[PDB]
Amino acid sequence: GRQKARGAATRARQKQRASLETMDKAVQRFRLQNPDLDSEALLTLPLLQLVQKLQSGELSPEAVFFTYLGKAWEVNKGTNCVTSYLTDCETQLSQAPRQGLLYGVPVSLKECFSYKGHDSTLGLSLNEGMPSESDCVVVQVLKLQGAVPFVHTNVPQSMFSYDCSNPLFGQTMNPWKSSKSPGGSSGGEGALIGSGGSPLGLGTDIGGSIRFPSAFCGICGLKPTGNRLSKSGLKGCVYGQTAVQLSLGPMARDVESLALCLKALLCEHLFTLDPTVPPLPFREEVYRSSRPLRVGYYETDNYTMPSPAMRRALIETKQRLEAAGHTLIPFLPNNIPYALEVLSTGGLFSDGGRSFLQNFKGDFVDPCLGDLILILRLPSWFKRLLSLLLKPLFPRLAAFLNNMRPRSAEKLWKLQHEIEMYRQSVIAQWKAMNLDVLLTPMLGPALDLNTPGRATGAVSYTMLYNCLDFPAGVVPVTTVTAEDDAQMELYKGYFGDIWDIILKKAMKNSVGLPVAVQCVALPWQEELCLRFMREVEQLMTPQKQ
């Protein structure tokens, strides 16, 4: 019963196509009137220098806007990362506030950041032809700070994924290798920023969806504490689920860009437009501190075996931090399996997936979601039974199935308390070793297209910090060598289940692809997190600063 959804696809693709044409026509007009502009030099300027030149008058907003608009159009050709051109953004451009900290900066938005007059489909038929009545709060703040949001970027269908394909706009590709995923669900942002088509973007993250795309596409990303920024006006699939919180945050080519973005967002405009966000301004002096850090670290979470490239990235960064004078302390959060199998899965699937499934009624199911929908559709008893059969041979799979069952409000309260007491556990663990920050591996290199949805285990590295609601960011530190990739033939994985087997195959043939580490601080500590990220960036890739 899918013809209605075929109509949605046809209409969505027409709007995407017309958006692209509108963009190109404006780019072609602009270039004719400005034939001598050094567009390469403008595009490769770091955000901090770009901002300064816009503030001084050295570069016109128009010059910067249309150049990035040109570049976004071009990189889209090989990645399919842009779903929509934000129609009024040229008239926004001419009205941008001069004193704004982001005056004249083109910014790209993940499709779920509602923008007036435009759909936030999430790749779902039922959200097509349902344009937002207004800009969401962070989009309002961006504009009040002088920025110019200019495109919506692609997401995997429903966002419940770390790949990036849906049936309306299709499949987004990694800009480093087109057989590879850009990661997700902020994958359009990853591909666009990662190929130079936007200097700053916003994404969201409930199990790693800022961090996967950033890592897979070789850019920086930060997932703040859930309630550091406003979620007001965000489009979603499931509403009212508060056990594992959603976070939104910046993506960019460097760390300084992330810190600029958070500084611009954490202002009175935000705090008055959404009073439910604690009014905590950006603390520059914590961000800029150069005091030695106590850095906890691990090479593996003992759940998802790291690739050789991940492991090399982690050890090398550790050794450089030591040489720079920081104290590196072996540290692994306790009971990760519990945090993932019981707390995180149970938090996301407390209703057995029912609320989530209503979004898919009458719709196609994108191949990049794997068997997720099929598995969620199954009866609560046949899940339970299959869980008991799989437990001897495949304990991970069994635990997954058993913890995605529907349960009562009573049981949800108990789960919510366990999440709270686990949070306090890890905090106490952290304080007993007197850590400032924590260094971890990050999933990478980029997986093959249509494999993330079959490698669910691999979310272990990022999902843990959604469960704990700790700020976490990722920084590119190296690229896959011939040796790293060859050494994947010796990868086994701790479990030997289908998730380990898919991941092994998924990560092969990745020579030249970027690989990241993850940086973590305690709740409300975004500034310390970024300081630390800045340090990693400086030591492993000094040409960024």
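The numbering used is simple: start at 1 and walk along the sequence shown.
- Checked against the record, the higher mean CA B factor of 29 to 37 and 475 to 483 lies with 29 to 37.
- Averaged over CA atoms, B-factors in the entry run higher in 85 to 93 than in the other of 437 to 445 and 85 to 93.
- In the PDB entry, the Cα temperature factor peaks, among 326, 269, 417, 211, at 326.
- Ranking 458, 293, 139, 124 by the C-alpha B-factor listed in the PDB entry places 293 at the top.
- Residue 381: CA B factor lies in the highest third for its chain, per the PDB record.
- Sort the chain's modelled residues by C-alpha temperature factor and residue 289 lands in the highest third, per the entry.
- Annotation for residue 322: CA B-factor lies in the highest third of the chain's modelled residues.
- In the deposited entry, the Cα temperature factor of residue 50 places it in the middle third of its chain's modelled residues.
- The deposited CA B-factor of residue 156 belongs to the lowest third of values across its chain.
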